[PDB]
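K.L.:
I'd like to ask some things about the structure below.
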Amino acid sequence: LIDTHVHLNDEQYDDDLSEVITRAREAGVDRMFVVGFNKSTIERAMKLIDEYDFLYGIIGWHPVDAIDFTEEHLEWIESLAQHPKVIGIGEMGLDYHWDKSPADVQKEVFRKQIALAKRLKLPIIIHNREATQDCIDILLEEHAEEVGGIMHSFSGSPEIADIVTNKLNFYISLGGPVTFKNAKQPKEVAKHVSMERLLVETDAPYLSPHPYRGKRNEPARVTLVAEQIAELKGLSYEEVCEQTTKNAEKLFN
Ligand code: NI
Ligand code: NI
């Protein structure tokens, strides 16, 4: 089992990182993909991947911080990407919940990263918050299908899901929301989407799945996400772990 999207580089783990890692390790979580989307979070991610063998890095620039993105950050990320542990360019996309960065700048920075991924020949990890259509529109126009990737913690509909799996040959990743009771969409997506297109994550410290809602997430909780998807699709737990793992390795290597 792999946690394909985890912020171990977050400040909330300063004090107990090694223990958090260990608990995930003992629970069956073999590999984890740390996401650096900032100057600071990127540096932390690079350190962590050199620190732990089973830790891989995905680096890029978060849409919320699109205004801070400069040509120097672009070049910097480009050379950093040479690291054999950096397997994807990420947490790029659009986010309309915060206003730090206007939609205009976000789109620009988004396009630039897609071009970066193309040159680096690496898949992209997409962050989308309340900007679904604008986001798919850009992945189509820039021919993102050329690099492939993940619609991380997918917060849209199955109709949009098919667009991501059919036109774009992208995978869909689910986290805690799939265990939420009153939010039916994440579950409907879990059931609709082919097991050959799904991946699991926690995006910890955020969005803990039941029965830990309201508490800081931890990659070990990804087991709960797998469990729920197994029940939702009438599959075995072991089958889900193996399928999502097969998928992650095929997308990243
Ligand atoms: Ni996110
Ligand atoms: Ni994230």
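Residue numbering restarts at 1 in every chain; chains get A, B, ... in the order shown in the structure tokens, and ligands count up from 1 in that same order.
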Can you pull out the residues contacting stretch 178-180 of chain A? Cut-off 9 Å, using only C-alpha atoms, and skip same-chain residues under 5 positions away; I want them as a PDB file with N, CA and C atoms, in the first residue's frame.

P.N.:
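Once everything was written out, this is selection.pdb:
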ATOM      1  N   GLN A 185     -20.659  12.304  -2.984  1.00  0.00           N
ATOM      2  CA  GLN A 185     -19.853  12.364  -4.200  1.00  0.00           C
ATOM      3  C   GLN A 185     -18.554  11.551  -4.223  1.00  0.00           C
ATOM      4  N   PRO A 186     -17.706  11.676  -3.185  1.00  0.00           N
ATOM      5  CA  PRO A 186     -16.453  10.907  -3.174  1.00  0.00           C
ATOM      6  C   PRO A 186     -16.701   9.393  -3.290  1.00  0.00           C
ATOM      7  N   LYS A 187     -17.774   8.916  -2.661  1.00  0.00           N
ATOM      8  CA  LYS A 187     -18.132   7.494  -2.703  1.00  0.00           C
ATOM      9  C   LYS A 187     -18.648   7.085  -4.083  1.00  0.00           C
ATOM     10  N   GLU A 188     -19.474   7.934  -4.680  1.00  0.00           N
ATOM     11  CA  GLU A 188     -20.020   7.646  -5.999  1.00  0.00           C
ATOM     12  C   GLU A 188     -18.894   7.571  -7.021  1.00  0.00           C
ATOM     13  N   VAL A 189     -17.857   8.384  -6.817  1.00  0.00           N
ATOM     14  CA  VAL A 189     -16.709   8.390  -7.717  1.00  0.00           C
ATOM     15  C   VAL A 189     -15.928   7.106  -7.492  1.00  0.00           C
ATOM     16  N   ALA A 190     -15.801   6.719  -6.229  1.00  0.00           N
ATOM     17  CA  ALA A 190     -15.072   5.510  -5.875  1.00  0.00           C
ATOM     18  C   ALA A 190     -15.698   4.300  -6.559  1.00  0.00           C
ATOM     19  N   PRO A 209      -9.786  10.680   7.826  1.00  0.00           N
ATOM     20  CA  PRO A 209     -10.974   9.892   7.502  1.00  0.00           C
ATOM     21  C   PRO A 209     -11.593   9.392   8.796  1.00  0.00           C
ATOM     22  N   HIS A 210     -12.858   8.994   8.740  1.00  0.00           N
ATOM     23  CA  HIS A 210     -13.512   8.447   9.918  1.00  0.00           C
ATOM     24  C   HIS A 210     -12.691   7.240  10.353  1.00  0.00           C
ATOM     25  N   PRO A 211     -12.623   6.964  11.663  1.00  0.00           N
ATOM     26  CA  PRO A 211     -13.259   7.699  12.761  1.00  0.00           C
ATOM     27  C   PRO A 211     -12.364   8.752  13.410  1.00  0.00           C
ATOM     28  N   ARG A 213     -12.051  12.065  12.114  1.00  0.00           N
ATOM     29  CA  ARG A 213     -12.348  13.391  11.575  1.00  0.00           C
ATOM     30  C   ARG A 213     -12.126  14.427  12.664  1.00  0.00           C
ATOM     31  N   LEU A 224      -7.487   3.046   6.110  1.00  0.00           N
ATOM     32  CA  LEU A 224      -8.932   3.238   6.224  1.00  0.00           C
ATOM     33  C   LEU A 224      -9.508   3.620   4.854  1.00  0.00           C
ATOM     34  N   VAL A 225      -8.779   4.447   4.112  1.00  0.00           N
ATOM     35  CA  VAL A 225      -9.235   4.856   2.786  1.00  0.00           C
ATOM     36  C   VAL A 225      -9.318   3.617   1.884  1.00  0.00           C
ATOM     37  N   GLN A 228     -12.373   1.362   2.904  1.00  0.00           N
ATOM     38  CA  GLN A 228     -13.632   1.893   2.423  1.00  0.00           C
ATOM     39  C   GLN A 228     -13.802   1.655   0.924  1.00  0.00           C
ATOM     40  N   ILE A 229     -12.754   1.877   0.139  1.00  0.00           N
ATOM     41  CA  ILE A 229     -12.878   1.646  -1.296  1.00  0.00           C
ATOM     42  C   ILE A 229     -13.136   0.163  -1.566  1.00  0.00           C
TER      43      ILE A 229
END

K.L.:
Give as a PyMOL selection string the residues surrounding ligand 2 up to a distance of 10 Å, considering only C-alpha atoms and all ligand atoms.

P.N.:
chain A and resi 4-7+34-37+62+90-92+125-128+152-153+201-206

K.L.:
Using only C-alpha atoms, determine which residues lie at most 10 Å from residue A:74, disregarding the query and same-chain residues fewer than 2 positions distant; provide the list as a list in words.

P.N.:
residues 60, 61, 69, 70, 71, 72, 76, 77, 78, 79, 80, 109, 112, 113 and 116 of chain A

K.L.:
Include C-alpha atoms and write out the residues we just selected as a PDB file, in the first residue's frame.

P.N.:
ATOM      1  CA  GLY A  60       5.963  21.926  -8.001  1.00  0.00           C
ATOM      2  CA  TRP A  61       4.215  25.145  -7.014  1.00  0.00           C
ATOM      3  CA  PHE A  69       6.369  31.810  -8.502  1.00  0.00           C
ATOM      4  CA  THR A  70       9.281  33.332 -10.468  1.00  0.00           C
ATOM      5  CA  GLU A  71      11.580  32.251 -13.313  1.00  0.00           C
ATOM      6  CA  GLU A  72      14.243  31.403 -10.733  1.00  0.00           C
ATOM      7  CA  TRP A  76      15.449  25.635  -9.476  1.00  0.00           C
ATOM      8  CA  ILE A  77      12.666  23.055  -9.529  1.00  0.00           C
ATOM      9  CA  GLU A  78      13.762  21.929 -12.968  1.00  0.00           C
ATOM     10  CA  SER A  79      17.265  20.967 -11.831  1.00  0.00           C
ATOM     11  CA  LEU A  80      16.034  19.583  -8.514  1.00  0.00           C
ATOM     12  CA  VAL A 109       1.781  29.362 -13.418  1.00  0.00           C
ATOM     13  CA  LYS A 112       4.121  26.836 -17.159  1.00  0.00           C
ATOM     14  CA  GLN A 113       4.394  23.777 -14.918  1.00  0.00           C
ATOM     15  CA  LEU A 116       7.971  21.900 -17.341  1.00  0.00           C
TER      16      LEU A 116
END

K.L.:
Can you list, as a PyMOL selection string, every protein, DNA or RNA residue that comes within 7 Å of residue A:86 when you count only C-alpha atoms, leaving out same-chain residues fewer than 5 positions away?

P.N.:
chain A and resi 56-58+81

K.L.:
Write down as number ranges by chain the residues of stretch 10-180 of chain A whose backbone DSSP state falls under strand (DSSP E).

P.N.:
A: 31-36, 55-59, 86-95, 124-129, 149-151, 171-174

K.L.:
Could you save those same residues with N, CA and C atoms as a compact mmCIF listing (two decimals), in the first residue's frame?

P.N.:
# COMPACT_ATOMS: atom_id res chain seq x y z
N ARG A 31 5.38 2.66 0.90
CA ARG A 31 5.97 3.88 0.34
C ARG A 31 5.05 5.09 0.45
N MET A 32 5.66 6.27 0.51
CA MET A 32 4.93 7.52 0.63
C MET A 32 5.52 8.57 -0.32
N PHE A 33 4.65 9.37 -0.93
CA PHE A 33 5.10 10.41 -1.84
C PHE A 33 4.90 11.76 -1.16
N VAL A 34 6.01 12.40 -0.79
CA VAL A 34 6.00 13.70 -0.11
C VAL A 34 5.85 14.81 -1.12
N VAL A 35 4.93 15.73 -0.87
CA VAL A 35 4.71 16.81 -1.81
C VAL A 35 5.22 18.16 -1.35
N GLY A 36 6.14 18.71 -2.13
CA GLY A 36 6.71 20.02 -1.87
C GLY A 36 6.08 20.94 -2.91
N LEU A 55 10.79 6.93 0.74
CA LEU A 55 10.13 8.20 0.53
C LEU A 55 10.48 8.80 -0.83
N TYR A 56 9.46 9.14 -1.61
CA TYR A 56 9.68 9.74 -2.92
C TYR A 56 9.12 11.16 -2.91
N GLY A 57 9.64 12.00 -3.80
CA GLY A 57 9.19 13.37 -3.84
C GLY A 57 8.46 13.80 -5.10
N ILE A 58 7.48 14.67 -4.90
CA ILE A 58 6.73 15.26 -5.99
C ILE A 58 6.86 16.74 -5.67
N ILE A 59 7.39 17.50 -6.61
CA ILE A 59 7.60 18.92 -6.39
C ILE A 59 7.02 19.79 -7.49
N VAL A 86 12.66 12.07 -7.30
CA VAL A 86 11.57 12.96 -7.69
C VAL A 86 10.89 12.27 -8.87
N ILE A 87 9.67 11.80 -8.64
CA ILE A 87 8.94 11.06 -9.65
C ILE A 87 7.77 11.79 -10.30
N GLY A 88 7.48 13.00 -9.85
CA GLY A 88 6.37 13.72 -10.42
C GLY A 88 6.46 15.21 -10.14
N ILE A 89 5.75 16.01 -10.97
CA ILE A 89 5.73 17.43 -10.76
C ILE A 89 4.36 17.78 -10.21
N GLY A 90 4.47 18.36 -9.02
CA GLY A 90 3.31 18.61 -8.27
C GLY A 90 3.19 19.58 -7.25
N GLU A 91 1.82 19.41 -7.10
CA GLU A 91 0.63 19.98 -6.48
C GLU A 91 0.72 21.31 -7.24
N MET A 92 0.16 21.19 -8.42
CA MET A 92 -0.12 22.31 -9.38
C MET A 92 -1.64 22.28 -9.64
N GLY A 93 -2.19 23.32 -10.26
CA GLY A 93 -3.63 23.32 -10.48
C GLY A 93 -4.26 24.67 -10.22
N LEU A 94 -5.47 24.69 -9.67
CA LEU A 94 -6.17 25.95 -9.38
C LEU A 94 -6.91 25.84 -8.05
N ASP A 95 -7.01 26.96 -7.35
CA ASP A 95 -7.69 26.98 -6.07
C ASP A 95 -8.38 28.33 -5.91
N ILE A 124 2.19 14.70 -13.77
CA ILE A 124 1.85 15.85 -12.94
C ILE A 124 0.76 15.50 -11.92
N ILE A 125 0.81 16.18 -10.77
CA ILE A 125 -0.17 15.97 -9.70
C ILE A 125 -1.01 17.22 -9.61
N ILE A 126 -2.31 17.05 -9.83
CA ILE A 126 -3.22 18.19 -9.85
C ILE A 126 -4.06 18.48 -8.62
N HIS A 127 -3.97 19.72 -8.16
CA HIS A 127 -4.72 20.20 -7.00
C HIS A 127 -5.86 21.03 -7.55
N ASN A 128 -7.08 20.67 -7.18
CA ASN A 128 -8.25 21.39 -7.64
C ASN A 128 -9.25 21.65 -6.53
N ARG A 129 -9.49 22.93 -6.26
CA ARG A 129 -10.45 23.30 -5.24
C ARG A 129 -11.40 24.33 -5.82
N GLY A 149 -0.93 11.75 -15.25
CA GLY A 149 -0.88 12.24 -13.89
C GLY A 149 -2.04 11.81 -13.00
N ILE A 150 -2.27 12.61 -11.97
CA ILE A 150 -3.30 12.32 -10.98
C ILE A 150 -4.16 13.53 -10.63
N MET A 151 -5.47 13.33 -10.54
CA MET A 151 -6.37 14.38 -10.09
C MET A 151 -6.43 14.01 -8.61
N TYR A 171 -5.14 9.33 -13.71
CA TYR A 171 -5.65 8.50 -12.63
C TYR A 171 -6.41 9.40 -11.66
N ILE A 172 -7.20 8.80 -10.78
CA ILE A 172 -7.94 9.56 -9.78
C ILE A 172 -7.55 9.01 -8.41
N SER A 173 -7.22 9.92 -7.50
CA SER A 173 -6.81 9.54 -6.15
C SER A 173 -7.82 9.98 -5.11
N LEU A 174 -8.11 9.12 -4.14
CA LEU A 174 -9.07 9.44 -3.09
C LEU A 174 -8.43 9.38 -1.71

K.L.:
Do a neighbour search on stretch 243-246 of chain A at 12 Å with only C-alpha atoms, toss out local chain neighbours closer than 4 positions, and write the hits as a VMD selection string.

P.N.:
chain A and resid 1 to 4 29 to 32 171 to 174 194 to 201 222 to 223 225 to 226 229 to 230 235 to 239 250 to 253

K.L.:
Measuring between only C-alpha atoms and all ligand atoms, which one of A:84, A:158, A:175, A:148 shows the shortest distance to ligand 1?

P.N.:
A:175

K.L.:
Which residues in stretch 122-210 of chain A does DSSP call alpha helix (DSSP H)? List them as a PyMOL selection string.

P.N.:
chain A and resi 132-141+158-166+185-192

K.L.:
I'd like to know which of A:54, A:83, A:123, A:191 is closest to residue A:233, using only C-alpha atoms.

P.N.:
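Ranked by minimum distance to residue A:233, first place goes to A:191.
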
K.L.:
Mind giving me the straight-line distance from atom CA of residue A:159 to atom CA of residue A:131 in Å, one decimal?

P.N.:
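Computing it gives 15.3 Å between the two atoms.
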
K.L.:
Between atom CA of residue A:139 and atom CA of residue A:183, measure the distance and give it in Å to one decimal.

P.N.:
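Between these atoms lies a distance of 26.3 Å.
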
K.L.:
Here is a test: counting only C-alpha atoms, which residue of A:142, A:212, A:122, A:82 is nearest to residue A:177?

P.N.:
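The shortest atom-to-atom distance to residue A:177 comes from A:212.
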
K.L.:
Near residue A:40, within 10 Å and counting only C-alpha atoms, which residues show up once chain neighbours fewer than 5 positions away are dropped, as a list in words?

P.N.:
residues 9, 10 and 45 of chain A

K.L.:
With a distance cut-off of 8 Å and only C-alpha atoms, select the neighbouring residues of stretch 15-25 of chain A, excluding the residue or stretch itself and same-chain residues fewer than 4 positions from it, and output the selection as a CSV table (one decimal) with C-alpha atoms, in the first residue's frame.

P.N.:
chain,number,residue,atom,x,y,z
A,8,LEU,CA,5.3,14.8,5.9
A,29,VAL,CA,2.1,1.6,4.3
A,30,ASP,CA,5.3,0.7,2.4
A,218,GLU,CA,-1.4,10.7,9.4
A,219,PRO,CA,-0.3,8.4,6.5
A,220,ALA,CA,-1.1,5.3,8.5
A,221,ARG,CA,-4.8,6.4,8.1

K.L.:
Which residue gives the smallest distance to ligand 1 among A:181, A:97, A:119, A:111, with only C-alpha atoms and all ligand atoms counted?

P.N.:
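Smallest separation from ligand 1 among the options: A:97.
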